[PDB]
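J.: kindly return the folded structure for what I paste below:
(chains A and B, ligands or ions: 1)
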Amino acid sequence: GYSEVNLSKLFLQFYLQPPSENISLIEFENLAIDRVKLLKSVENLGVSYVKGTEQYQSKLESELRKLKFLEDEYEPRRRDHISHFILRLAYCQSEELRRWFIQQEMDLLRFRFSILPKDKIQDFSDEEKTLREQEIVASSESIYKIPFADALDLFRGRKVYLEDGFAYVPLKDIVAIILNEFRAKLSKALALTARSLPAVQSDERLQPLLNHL
Amino acid sequence: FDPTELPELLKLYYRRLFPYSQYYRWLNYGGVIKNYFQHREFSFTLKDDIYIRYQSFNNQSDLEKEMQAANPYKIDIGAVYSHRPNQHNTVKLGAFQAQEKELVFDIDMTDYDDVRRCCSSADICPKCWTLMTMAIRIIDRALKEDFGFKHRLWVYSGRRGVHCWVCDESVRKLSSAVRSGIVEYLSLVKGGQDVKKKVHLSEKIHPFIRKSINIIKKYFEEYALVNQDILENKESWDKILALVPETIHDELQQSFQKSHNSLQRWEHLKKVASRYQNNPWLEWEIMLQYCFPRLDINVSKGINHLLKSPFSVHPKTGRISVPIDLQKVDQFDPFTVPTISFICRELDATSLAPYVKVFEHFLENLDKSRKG
Ligand SMILES: [Zn+2]
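T.: Residues are numbered from 1 along each chain as shown, chains lettered A, B, ... in the order given. Next comes the structure:
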């Protein structure tokens, strides 16, 4: 760990907050290379099979186990968190790379979320449930009350029930919501990162990361 | 009415009739926020069709002055900007942006020209006005029930249709994308002229449509089949046949020829359609295409839109942009609307009174919400 790298100075999850940590350049550089292969694996499977298939569910689960992504699943959590914020520096350089990095990270969350328990999803009535059953079936399990404004793509196509300014969405459709608001915050962060970069860009220690994209 | 008498009527109207009192209560919104009224944009049209915008004012008195001073023919209301419109020459490019605006709708009869028989172009009659009526009930219901909007003001355009101003706090802050999304939520009539059938429904009907249909049902017979008589003849009922599968044109063609009035013919259509389902919602697609509102998205899409001000005067009809009682909508009559020529008469002796009361009733409930 002779070489060192300050992340704080340099800067399933939405990767909102940067990591405030000092890490080795070897961890840094290797951790990048690790996640790169992962995203390239997602892109190959996305072309090969179709998301949802057990093979896809089985194969990506393997590569993730391979690339190391309670405290048992904590070491990958730190790896996944930090690895992502490094690649932000790589793929913010161009729309193609941004789109590419996004699209792979997009497909990533789907799977990570596909293998998620319903209990934890909520964290990250029964009479009223059955009372509005008909009104929703005709429009478009658990259902959540969102301000309609945040459900734009849904109600603008009449794929959900509205009442008193709030949408009533299923768990099937709520995926693309979180998936898209995330797509915005990320493409936003990338756009920001694209501003932050040309001060550190010249750094040799970052050369292999900015070239071997 | 004579539009040459107009420039004199305005002076008197702007000086002794315009309800500046209730007007300021509105745009300042209880003064809870500073520079709210002061950052509001307006635009005036003077003689010889000279147009100017980016006009703003300090307060009610400052307004009352420049208006009777300028005597404009058209007054449009814009958005709330980051600064003063009349100071836009000092602000640098990129900082002068519209930040807030009421949600608005502009409904025009011209968009129904393909589905009305009574009138043409800009001409209108009581027999077609039921379209505007149904449109309000359809829309006002949705905004209240589906969107939970509590403060909804509808206003006659002065001629060809009606406007709506939604002034709820949460509404005035809504983004352009949300504004656009609701238009799509409300819009069913899709197509220009190349497309004859502008409505297609799936087997499963979204409630917003279901509820809107049940409204149209209550007006359809007297409007469509009696007043309009859309099945008077072949020239008329063929247009309907364009909205249905070819496999039943002949069958209905006969029943129409064997029939005497549009009511009988419409009843036939229902039976054939109902029988066709058993063997889809052809009945409702037709009612909708003829009665459901058409929306120009552009007016509500843009936050920077200048729309005709309420209590403004239509330079040709002389009619006033008057408030409307949703509770007494069916009884509304746009021909019984006070003209500027009529109320200036009353002042030198108004009929404007009862409509202003409605606007105040709107302002009163607006304060309570702002408070409690
Ligand atoms: Zn008419």
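J.: okay, now residue 42: neighbour count?
T.: Unless you meant another one, I'm taking chain A. 23 (other C-beta atoms under 10 Å in any protein chain shown). Every residue, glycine included, has its C-beta placed from N, CA and C.
J.: my bad, the chain I had in mind was chain B
T.: Neighbours of residue B:42 under the rule other C-beta under 10 Å: 23.
J.: assign it to helix, strand or coil.
T.: Residue B:42 falls in the strand class when you classify it by DSSP: H, G, I helix; E, B strand; the rest coil.
J.: is it bridged to anything, and to what?
T.: Going by DSSP bridges, residue B:42 is paired in beta bridges with residue B:55, residue B:77.
J.: I figured it was touching residue B:309, is that so?
T.: Yes - between residue B:42 and residue B:309 there is a contact under C-beta atoms under 8 Å: 7.4 Å.
J.: where's the closest residue to residue B:38 other than its chain neighbours relative to residue A:83, distance?
T.: Closest residue in space to residue B:38, ignoring its immediate chain neighbours: residue B:58 at 6.0 Å, by C-beta to C-beta, 6 or more residues apart in numbering or on different chains. Using C-beta to C-beta, to the nearest Å, residue B:58 is found at 57 Å from residue A:83.
J.: and residue B:156, by the same measure?
T.: 62 Å.
J.: okay, the two: which has more neighbours?
T.: Taking other C-beta under 10 Å, residue B:156 and residue A:83 do not tie; residue A:83 has more neighbours (25 against 22).
J.: just the helices in chain A please.
T.: A:7-10, A:25-48, A:54-66, A:74-90, A:95-114, A:118-123, A:127-131, A:133-137, A:152-155, A:174-196, A:207-211 (DSSP state H).
J.: contact partners for the residue of chain A found nearest the ion?
T.: Proximity of chain A to the ion (C-beta to the ion) peaks at residue A:158, 30.9 Å away. By C-beta atoms under 8 Å, 6 or more residues apart in numbering or on different chains, residue A:158 lies in contact with A:139, B:185, B:206, B:208, B:209.
J.: try 6 Å
T.: Residues counted as contacts of residue A:158 (C-beta atoms under 6 Å, 6 or more residues apart in numbering or on different chains) are residue B:206.
J.: list phi and psi for it.
T.: Phi and psi for residue A:158, reported as degrees, to the nearest 10, are phi 50, psi 60.
J.: which SS state does the closest residue to residue B:203 other than its chain neighbours fall under?
T.: Nearest residue to residue B:203, sequence neighbours excluded (C-beta to C-beta, 6+ apart): residue B:280, at 6.1 Å. Residue B:280 falls in the coil class when you classify it by three-state DSSP.
J.: and residue B:280, how many neighbours?
T.: 11.
J.: and if you look at the one 10 residues further on?
T.: When neighbours are defined as other C-beta under 10 Å, residue B:290 has 23 of them.
J.: same check, this time on the one 10 residues further on
T.: Here the count is done by other C-beta under 10 Å, and residue B:300 has 22 residues near it.
J.: which positions within the helix or strand hosting it qualify as buried?
T.: In the assignment (DSSP states H and E), residue B:300 maps to helix B:298-301. The neighbour-count check on helix B:298-301 (16 or more other C-beta atoms under 10 Å in any protein chain shown) flags B:299, B:300 as buried.
J.: one more: stretch A:181-192?
T.: A:182, A:183, A:186, A:187, A:189, A:190.
J.: do it and chain B meet?
T.: No - using C-beta under 6 Å from any C-beta of the partner chain, stretch A:181-192 never reaches chain B; the gap is at least 11.3 Å.
J.: contacts for that stretch?
T.: Contact with stretch A:181-192 is made by A:14, A:92, A:98, as judged by C-beta under 6 Å, 6+ apart.
J.: got the buried residues of stretch A:181-192 as CSV, with distance to the ion columns?
T.: Below are the buried residues of stretch A:181-192 laid out as CSV (distance: C-beta to the ion, whole Å):
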residue, distance to the ion
A:182, 52
A:183, 49
A:186, 54
A:187, 51
A:189, 57
A:190, 56
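J.: what's the closest of those residues to residue B:4?
T.: residue A:187 (59.1 Å; C-beta to C-beta).
J.: next, find the distance separating that closest one from residue B:248.
T.: The spacing between residue A:187 and residue B:248, counted by C-beta to C-beta, is 51 Å.
J.: near chain B, which residues of chain A show up?
T.: Going by C-beta under 6 Å from any C-beta, the residues of chain A near chain B are A:135, A:138, A:139, A:149, A:152, A:155, A:156, A:158, A:162, A:164, A:165.
J.: what does the second one show for phi and psi?
T.: To tie it back to what came earlier, the one meant is residue A:138. phi -70, psi -30.
J.: also the third one?
T.: Taking degrees, to the nearest 10, you get phi -70, psi -60 for the backbone angles of residue A:139.
J.: what count of nearby residues applies to it?
T.: Residue A:139: 23 neighbours (other C-beta under 10 Å).
J.: sweet, I'm off.
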